[PDB]
Amino acid sequence: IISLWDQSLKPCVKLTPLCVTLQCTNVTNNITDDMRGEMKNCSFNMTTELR
Amino acid sequence: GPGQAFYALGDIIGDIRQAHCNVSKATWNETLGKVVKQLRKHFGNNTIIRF
Amino acid sequence: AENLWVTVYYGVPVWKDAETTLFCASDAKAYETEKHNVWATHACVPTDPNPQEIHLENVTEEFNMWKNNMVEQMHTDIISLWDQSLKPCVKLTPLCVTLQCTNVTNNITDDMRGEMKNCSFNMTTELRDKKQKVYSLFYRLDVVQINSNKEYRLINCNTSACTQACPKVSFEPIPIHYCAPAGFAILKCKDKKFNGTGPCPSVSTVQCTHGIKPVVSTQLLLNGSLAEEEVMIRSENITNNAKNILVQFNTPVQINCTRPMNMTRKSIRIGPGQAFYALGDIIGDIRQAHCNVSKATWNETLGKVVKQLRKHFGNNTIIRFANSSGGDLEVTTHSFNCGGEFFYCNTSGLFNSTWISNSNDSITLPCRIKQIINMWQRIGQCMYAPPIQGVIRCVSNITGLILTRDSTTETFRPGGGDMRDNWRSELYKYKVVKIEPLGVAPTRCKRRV
Amino acid sequence: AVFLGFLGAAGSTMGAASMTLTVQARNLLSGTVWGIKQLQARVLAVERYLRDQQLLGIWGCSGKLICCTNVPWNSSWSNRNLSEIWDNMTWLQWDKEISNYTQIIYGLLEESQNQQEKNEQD
Amino acid sequence: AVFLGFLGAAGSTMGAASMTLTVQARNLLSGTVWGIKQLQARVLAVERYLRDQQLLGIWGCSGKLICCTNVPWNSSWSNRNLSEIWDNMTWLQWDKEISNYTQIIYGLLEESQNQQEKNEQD
Amino acid sequence: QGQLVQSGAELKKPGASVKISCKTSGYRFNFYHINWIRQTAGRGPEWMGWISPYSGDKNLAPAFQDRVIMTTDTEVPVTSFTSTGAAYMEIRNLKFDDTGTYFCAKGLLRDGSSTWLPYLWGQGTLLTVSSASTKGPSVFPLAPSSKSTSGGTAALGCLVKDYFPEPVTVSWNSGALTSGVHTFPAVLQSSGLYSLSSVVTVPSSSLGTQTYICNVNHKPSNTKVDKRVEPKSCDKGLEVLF
Ligand SMILES: *[C@@H]1O[C@H](CO)[C@@H](O[C@@H]2O[C@H](CO)[C@@H](O[C@@H]3O[C@H](CO[C@H]4O[C@H](CO)[C@@H](O)[C@H](O)[C@@H]4O)[C@@H](O)[C@H](O[C@H]4O[C@H](CO)[C@@H](O)[C@H](O)[C@@H]4O[C@H]4O[C@H](CO)[C@@H](O)[C@H](O)[C@@H]4O)[C@@H]3O)[C@H](O)[C@H]2NC(C)=O)[C@H](O)[C@H]1NC(C)=O
Ligand SMILES: *[C@@H]1O[C@H](CO)[C@@H](O[C@@H]2O[C@H](CO)[C@@H](O[C@@H]3O[C@H](CO[C@H]4O[C@H](CO)[C@@H](O)[C@H](O[C@H]5O[C@H](CO)[C@@H](O)[C@H](O)[C@@H]5O)[C@@H]4O)[C@@H](O)[C@H](O[C@H]4O[C@H](CO)[C@@H](O)[C@H](O)[C@@H]4O)[C@@H]3O)[C@H](O)[C@H]2NC(C)=O)[C@H](O)[C@H]1NC(C)=O
Ligand SMILES: *[C@@H]1O[C@H](CO)[C@@H](O[C@@H]2O[C@H](CO)[C@@H](O[C@@H]3O[C@H](CO[C@H]4O[C@H](CO)[C@@H](O)[C@H](O)[C@@H]4O)[C@@H](O)[C@H](O[C@H]4O[C@H](CO)[C@@H](O)[C@H](O)[C@@H]4O)[C@@H]3O)[C@H](O)[C@H]2NC(C)=O)[C@H](O)[C@H]1NC(C)=O
Ligand SMILES: *[C@@H]1O[C@H](CO)[C@@H](O[C@@H]2O[C@H](CO)[C@@H](O[C@@H]3O[C@H](CO[C@H]4O[C@H](CO)[C@@H](O)[C@H](O)[C@@H]4O)[C@@H](O)[C@H](O[C@H]4O[C@H](CO)[C@@H](O)[C@H](O)[C@@H]4O)[C@@H]3O)[C@H](O)[C@H]2NC(C)=O)[C@H](O)[C@H]1NC(C)=O
Ligand SMILES: *[C@@H]1O[C@H](CO)[C@@H](O[C@@H]2O[C@H](CO)[C@@H](O)[C@H](O)[C@H]2NC(C)=O)[C@H](O)[C@H]1NC(C)=O
Ligand SMILES: *[C@@H]1O[C@H](CO)[C@@H](O[C@@H]2O[C@H](CO)[C@@H](O)[C@H](O)[C@H]2NC(C)=O)[C@H](O)[C@H]1NC(C)=O
Ligand SMILES: *[C@@H]1O[C@H](CO)[C@@H](O[C@@H]2O[C@H](CO)[C@@H](O)[C@H](O)[C@H]2NC(C)=O)[C@H](O)[C@H]1NC(C)=O
Ligand SMILES: *[C@@H]1O[C@H](CO)[C@@H](O[C@@H]2O[C@H](CO)[C@@H](O)[C@H](O)[C@H]2NC(C)=O)[C@H](O)[C@H]1NC(C)=O
Ligand SMILES: *[C@@H]1O[C@H](CO)[C@@H](O[C@@H]2O[C@H](CO)[C@@H](O)[C@H](O)[C@H]2NC(C)=O)[C@H](O)[C@H]1NC(C)=O
Ligand SMILES: *[C@@H]1O[C@H](CO)[C@@H](O[C@@H]2O[C@H](CO)[C@@H](O)[C@H](O)[C@H]2NC(C)=O)[C@H](O)[C@H]1NC(C)=O
Ligand SMILES: *[C@@H]1O[C@H](CO)[C@@H](O[C@@H]2O[C@H](CO)[C@@H](O)[C@H](O)[C@H]2NC(C)=O)[C@H](O)[C@H]1NC(C)=O
Ligand SMILES: *[C@@H]1O[C@H](CO)[C@@H](O[C@@H]2O[C@H](CO)[C@@H](O)[C@H](O)[C@H]2NC(C)=O)[C@H](O)[C@H]1NC(C)=O
Ligand SMILES: *[C@@H]1O[C@H](CO)[C@@H](O[C@@H]2O[C@H](CO)[C@@H](O)[C@H](O)[C@H]2NC(C)=O)[C@H](O)[C@H]1NC(C)=O
Ligand SMILES: *[C@@H]1O[C@H](CO)[C@@H](O[C@@H]2O[C@H](CO)[C@@H](O)[C@H](O)[C@H]2NC(C)=O)[C@H](O)[C@H]1NC(C)=O
Ligand SMILES: *[C@@H]1O[C@H](CO)[C@@H](O)[C@H](O)[C@H]1NC(C)=O
Ligand SMILES: *[C@@H]1O[C@H](CO)[C@@H](O)[C@H](O)[C@H]1NC(C)=O
Ligand SMILES: *[C@@H]1O[C@H](CO)[C@@H](O)[C@H](O)[C@H]1NC(C)=O
Ligand SMILES: *[C@@H]1O[C@H](CO)[C@@H](O)[C@H](O)[C@H]1NC(C)=O
Ligand SMILES: *[C@@H]1O[C@H](CO)[C@@H](O)[C@H](O)[C@H]1NC(C)=O
Ligand SMILES: *[C@@H]1O[C@H](CO)[C@@H](O)[C@H](O)[C@H]1NC(C)=O
């Protein structure tokens, strides 16, 4: 199951430039202070089709 | 890019409420008894098994 | 009286139709074209010095060139070998930097847009921080703009990260033979007037095919084997217009294609070790890549072909010809490789005709050149053709067409949409069979006590 | 000597094709993208060879070529005369007509051998 | 006909398991992450088959199933009576008890064949 | 298991173009031999010669050693075993003792001491060696008659009178009514002209439910008469049933 696992991911997309710093906030809501906000909404700089 | 395509999440459509799981209480309250019934054949005819 | 008894027989001449895993064969001379692995062979078993064929007398077998397997097999194989040859070579992943381009150095004739472009760009050096200002030239098809004053980017940077072919390998189509494993057979239909399908009267058996070279092109099958007696056409459904009409030749019409520009290959290092092979300045005049076909020879061969159309479309009909309808470069033009560059040649010139029958001259042809190719549905890859230094001239035989057809009268248009048909052109003579030598029979015999 | 060639007697009459039986058996064995292809083929060769050899072994024959057994010819297996077969038909024709009932005969030719061996010894 | 099945006579008495000997021999051969697995297994199949077939060949037998030889039964190889074995024991039991001295017997059954052949010819 | 086609032949004078062809179906055309035989009313059944389509070896009888020529054509396959060929024969020196039907018949099997013995036969092509001129058939309709009053069975047909030479073909409804048909031989009159009759037996209850069209085809004169036979009879033993 492990071998098949890595073999299925060998040709797929690597996120090596997805480690750019992120700028995040809590999600769009009437926050109930108790819930910390399970999701986050984040802007980041990403490289385009050109380097 | 190039060709590499990150599949991000976008905005949310609808209310907010987490992922949950449902198990019928009665069925489980019966199966747990069925299991403890087989524990006592290992831990003495009359013992108490907490969880 | 006598009662028959089964007797067991080994090595009975009985086969069954099947497919299997076939393997190559190369000429002994070909392993001396070393050129550091010219594309296929480096690991292939030599071809027999004394090959043999066994004419299966009295035998009849039903071929089906369209329902073959060595075509699907060969087609997937050429792709596999294709990616395997580019796995160790140089990837252009940082060659998607923005470019700053102008038209080429000339007294522009306003009509011509300028087929090439001269471009400065920032490139990374052998060190990850310092950068350069190198200049290179690109063909019109490779680049596309975004709007500083003007700019450009490579057309591949929005589709796929590409890899450059090592300029060490060659693309020469060498004769490859397809041989069968042990306990298997390949049947050769030695029938002159064979239309590919059905019972071939005289059949022979052979282990390996004759030398079939991977000449890959569109609308024009090149360098293959001509028909023996008459130009015989082959099509799955002559009635269903949506099926390509593969045409085989009887005379090899001669074609001479060149690119006159004497060129520069400047090795731009984008380190470390990675070495982009850019084009440099141009040495000499400017005039595109063209193709020459003798008008008279083609005006005669076309008659020879239409003569065989009328045996399908009525004793007395009119067959017009037109150029491609519309689509990509790979479909509407004469996509092929010669000497290292990929020509896309307009086919409108040859298809000028209309057929009403019941000195020295040539028909010059105008080709565009591409380097960044996306060959195949989308599964070749995108690959940068390393620029060739010098003048590139090749002479070739044309041996067939890949036609298509659009009800008063009917016209024909060049196709070549899919690459399997190219192999089906020369792979029509062969079929694969399992050998099953367990023949049980009755005879008047009992086993000893 | 008569040597038409490998499979050369596939279209000749079955009696005539009995004359060339050693040539077909001889060439049956014929003892990195390309590598996996070649190797795979080279394994399926010995497997296709050893299946038929295994059968020819467990039918007691073991001896290459024509081999007799004490199985009665159930006439329903395409009843024709002997002169109607060994002077007329060819092996492709033949195995086609017999293909239906082939498997049953392979099954019968199994079991009879074993009993023979067993009580033969003893 | 009696067909208990492949290995069906592994728990029956050895005499009774002599009755089913063709079924086990039949199914012994049974003629990219997954690919290397499958292929490796498919090679070890023919190797395990050809080792035992090689032995059955160089003991002069060559003939499938029960095969006699002129080797004397050294009684120390689990001395029991014949009725004490072929009406009572099962083949797993048996080969377990005989497992100790097996290799020696395989060695002896080698050498005697050869001399037989040699002077038999000549 | 296939049937061999034999080509019908023109009446011919002691000199004229002479040939008869033969077609095939449902067999491997080059294995089996091809034997020719001719049955005249004066000398009996006589074997002429045989020829193999694969090799081409003809062995003729000395009685046809210098006046008959045999020919075979090329095979046109259908499947891996079955095929479709043909073979002609031209018998020159047309004497009057040659008058009479004659045939094609192929060999039995491919090998042995009985390779060519004729197992599968043909339909039959008929000659008439005659200086006498061709004559067309006078096709009259024959009136139905009572075969059984209690069982309700009748008979109706056509009469082909005064034709030369043999033969004349007679069909029904372009080939629809073949059950109960009985065609009688033609007698030659004291003049040189034949005459035959023909009658199919059909029930008496079929009047406006089936059309009866006797199609008399005579090829040497190129005439096709399509007579309509009336289902109303004139017998006083069948009128009891209508
Ligand atoms: C349909 O079929 C025709 C004919 O079959 C075919 O035309 C052939 O085209 C190719 C190239 O397009 C031609 O190949 C070239 O041949 C010559 C030299 O070959 C001869 O040279 C020696 C000299 O003694 C002879 O003795 C010997 O026998 C050879 O026959 C050259 O022009 C080419 O050499 C270069 O290109 C090849 C790699 O691409 C290598 O063969 C060779 O190493 C050379 O590469 C070198 O070029 C670099 C330039 O700077 C150099 O720096 C490197 O070191 C590099 O190694 C080439 O071999 C062939 O001759 C034509 N046919 C004939 C009969 O001559 C058509 O192409 C074909 N159709 C299609 C679509 O392909
Ligand atoms: C492909 O398939 C075809 C047809 O199925 C095969 O051709 C047939 O082959 C068989 C043999 O297997 C033939 O049967 C034999 O027939 C011969 C011929 O008869 C003799 O008489 C002829 C007329 O008098 C004469 O023309 C013949 O001449 C030939 O022979 C020699 C050379 O061999 C020479 O004279 C010529 O060059 C001709 O070629 C011939 O002399 C006959 O002699 C045989 O009888 C003997 O053999 C049988 C056993 O086969 C035996 O039982 C007899 O008692 C006798 O001893 C035998 O009948 C057959 O005639 C061929 N033709 C057909 C069937 O139409 C062909 O062989 C297949 N090819 C392959 C590669 O297998
Ligand atoms: C996660 O965080 C991101 C932030 O990056 C959010 O994305 C932004 O979402 C907001 C909505 O909350 C977007 O703001 C909207 O933009 C629309 C598009 O504007 C265009 O057109 C207008 C003129 O029509 C131009 O002025 C402008 O330049 C654009 O060209 C506007 O149409 C919207 O206006 C509507 O809302 C206002 C609110 O006051 C009303 O007053 C108006 O009348 C009108 O109804 C609105 O301004 C913003 O564009 C998004 N930016 C990006 C980069 O995506 C995600 O929404 C957020 N998601 C979650 C789940 O938290
Ligand atoms: C694609 O576009 C690129 C632009 O990046 C072009 O490359 C430039 O090409 C021009 C020629 O058109 C080059 O200009 C020439 O530079 C030569 C080298 O200069 C060195 O030496 C001089 C002193 O000798 C120093 O001043 C200088 O700093 C350098 O150290 C000069 O020798 C040339 O001078 C000649 O031409 C002038 C033209 O007026 C005459 O007046 C002179 O007398 C003399 O004959 C000339 O200046 C330029 O250097 C190239 N730059 C780069 C980065 O390559 C490609 O040519 C162009 N290609 C195509 C096909 O369009
Ligand atoms: C993403 O990139 C933006 C520009 O697209 C950057 O914005 C800079 O932010 C710094 C403050 O950290 C300012 O001093 C600069 O003037 C901004 N503009 C520049 C550098 O061009 C920033 O680095 C990134 N912002 C994120 C990750 O939230
Ligand atoms: C899990 O889901 C299934 C289906 O959604 C539930 O089964 C349904 O139960 C109702 C009765 O309350 C029936 O009317 C439906 O026909 C059932 N559906 C099916 C597909 O059988 C089940 O109750 C759920 N269990 C829990 C614990 O939530
Ligand atoms: C390539 O890099 C050069 C520097 O080698 C860059 O030149 C800059 O151009 C911008 C205008 O777009 C000026 O504002 C800067 O002052 C220039 N110098 C810098 C940033 O050091 C430029 O980004 C690139 N030029 C191309 C691609 O033509
Ligand atoms: C192009 O076609 C010509 C035929 O005009 C080929 O020349 C023949 O080649 C074959 C062997 O392939 C020889 O047997 C013939 O004798 C040659 N003919 C003549 C007139 O010399 C030529 O080889 C073809 N070139 C290719 C396929 O690259
Ligand atoms: C294309 O241009 C190059 C120049 O870069 C030519 O190479 C020269 O060739 C001559 C003789 O052929 C030599 O004497 C020079 O030394 C070469 N120059 C260099 C820089 O190597 C080449 O010949 C030209 N090609 C053609 C077909 O004219
Ligand atoms: C294709 O090229 C060949 C060779 O360059 C041309 O053949 C030459 O024709 C001339 C006559 O005009 C002869 O004198 C030469 O001997 C030929 N050369 C060879 C190698 O045979 C041919 O004419 C060209 N064809 C086209 C259509 O341009
Ligand atoms: C096929 O040839 C026709 C000419 O017969 C081309 O039609 C011309 O297309 C251009 C577009 O680039 C127009 O400007 C012209 O007006 C068209 N001419 C006519 C007479 O309609 C057509 O583009 C060609 N197509 C291909 C794929 O080659
Ligand atoms: C292929 O050739 C045809 C004709 O040789 C080209 O069609 C010409 O298109 C231009 C406009 O691009 C028109 O001005 C000409 O009148 C057209 N010529 C004719 C004869 O109609 C065509 O552009 C070429 N290229 C392609 C891709 O089809
Ligand atoms: C097909 O060929 C014809 C002629 O061979 C070309 O027709 C030209 O048509 C224009 C006006 O329509 C005339 O002015 C030219 O004189 C014609 N040519 C000649 C040689 O007379 C036509 O353009 C060709 N079609 C393509 C697509 O190339
Ligand atoms: C290939 O040719 C053969 C004959 O030359 C074709 O077979 C015949 O096809 C016609 C109709 O086209 C039928 O009426 C015949 O009955 C066929 N004969 C047989 C023996 O089947 C065949 O269809 C052709 N196929 C192709 C793809 O061209
Ligand atoms: C986000 O949620 C955290 C949860 O602890 C909370 O403390 C914080 O104030 C929130 N920030 C917002 C709503 O900007
Ligand atoms: C480059 O060529 C195009 C072709 O349309 C032309 O419009 C443009 O003016 C040219 N630019 C130059 C010569 O700088
Ligand atoms: C060929 O096409 C016609 C109509 O386009 C279709 O009816 C037929 O089934 C197709 N295949 C044949 C004739 O084998
Ligand atoms: C040559 O071409 C012209 C038109 O280009 C055509 O009319 C003529 O028929 C052709 N010659 C032959 C012999 O086909
Ligand atoms: C022998 O042939 C008959 C013919 O119908 C068949 O029913 C029978 O099953 C066959 N024998 C065996 C053992 O199957
Ligand atoms: C036979 O059995 C005896 C029992 O002790 C043993 O010692 C002897 O080695 C055996 N024979 C051989 C040849 O080993």
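Here is what the cut-offs are and how they apply
Residues numbered from 1 in each chain as written, not as in the entry; some residues may be left out. Chains lettered and ligands numbered in written order. Part of a larger assembly, values for the part shown. Heavy atoms only, no water. Residues with missing side-chain atoms left out of burial classes, pairs and counts. Helix = DSSP H or I, 4+ residues; strand = E, 2+ residues; numbered from the N terminus. Contact = heavy atoms within 4.5 Å. Domains from an automatic or database assignment. Buried area = accessible area lost by both parts, 1.4 Å probe. Salt bridge = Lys/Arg side-chain N within 4 Å of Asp/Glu carboxyl O. Near = heavy atom within 4 Å. Polar contact = N/O pair within 3.5 Å; in protein donor to acceptor, adjacent residues only side chain to side chain. Disulfide = S-S within 2.5 Å. Buried < 20%, exposed > 50% of the residue type's maximum accessible area, 1.4 Å probe, protein only. Nonpolar A, V, L, I, M, F, W, Y, C, P; charged D, E, K, R; others polar.

Method of determination, as annotated in the archive: X-ray crystallography, at 3.412 Å resolution.

What follows deals with the overall build of chain F. On a plain count of helices and strands, chain F comes out with 0 helices and 19 strands. The C-alpha extent of chain F, read off along each of the three principal axes, is 65 × 45 × 30 Å. The long-range fraction of contacts in chain F, counting pairs at least 24 apart against all pairs at least 6 apart in sequence, stands at 58%.

Here the focus is the domain arrangement of chain F. Residue and element names in this part refer to chain F. Taken domain by domain, chain F comprises domain 1 (1–131) and domain 2 (132–242). Domain 1 and domain 2 are separated by 32 Å when their C-alpha centres are compared. Counting from both sides, the interface comprises 5 residues of domain 1 and, opposite them, 7 residues of domain 2. Between domain 1 and domain 2, the buried area comes to about 550 Å², and carbon and sulfur atoms account for 67% of it. In this assembly, domain 1 and domain 2 are joined by 0 salt bridges.

A separate point is the site of ligand 17. Lining the immediate environment of ligand 17, one finds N237, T239 and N240 of chain C. A distance of 3.1 Å separates an oxygen atom of ligand 17 from a polar atom in the side chain of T239 of chain C.

All names here are of chain C. Applying the stated rule across the entire model yields 16 disulfides over all chains. Through a disulfide, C96 is tied to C157; the S-S separation comes to 2.0 Å. Here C96 and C157 share a disulfide; its torsion about the S-S bond, -95 degrees, makes the bridge left-handed. Residue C96 is classed as buried on the basis of its relative accessible area, which comes to 5%. Between the sulfur of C345 and that of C367 lies a disulfide, 2.0 Å long from S to S. Linking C345 and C367, the disulfide has an S-S dihedral of approximately 100 degrees and is accordingly described as right-handed. By the burial criterion, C345 is buried, and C367 matches it. With its bonded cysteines labelled in order along the sequence, chain F shows the pairing 1-2, 3-4.

The next subject is the interface of chain C and chain D. The interface of chain C with chain D comprises 51 residues on the first partner and 56 residues on the second. Summed over both sides, the interface of chain C with chain D buries roughly 5100 Å², with 69% coming from carbon and sulfur. For chain C, the biggest contributors to the area lost against chain D are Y10, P13 and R447 of chain C; these three give 18% of the whole. Put simply, chain C and chain D have 2 salt bridges between them. The residue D77 of chain C makes a salt bridge to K37 of chain D at a minimum N-O spacing of 2.4 Å. Inspection of the region where chain C meets chain D yields 12 residue pairs in polar contact. The set of elements that each furnish at least two residues to the side of chain C that touches chain D consists of β1 (5–10), β2 (15–17), β3 (54–56), α1 (70–86), β30 (430–435) and β31 (438–443) of chain C. Residue classes in the side of chain C that touches chain D are distributed as 32 nonpolar, 12 polar and 7 charged.

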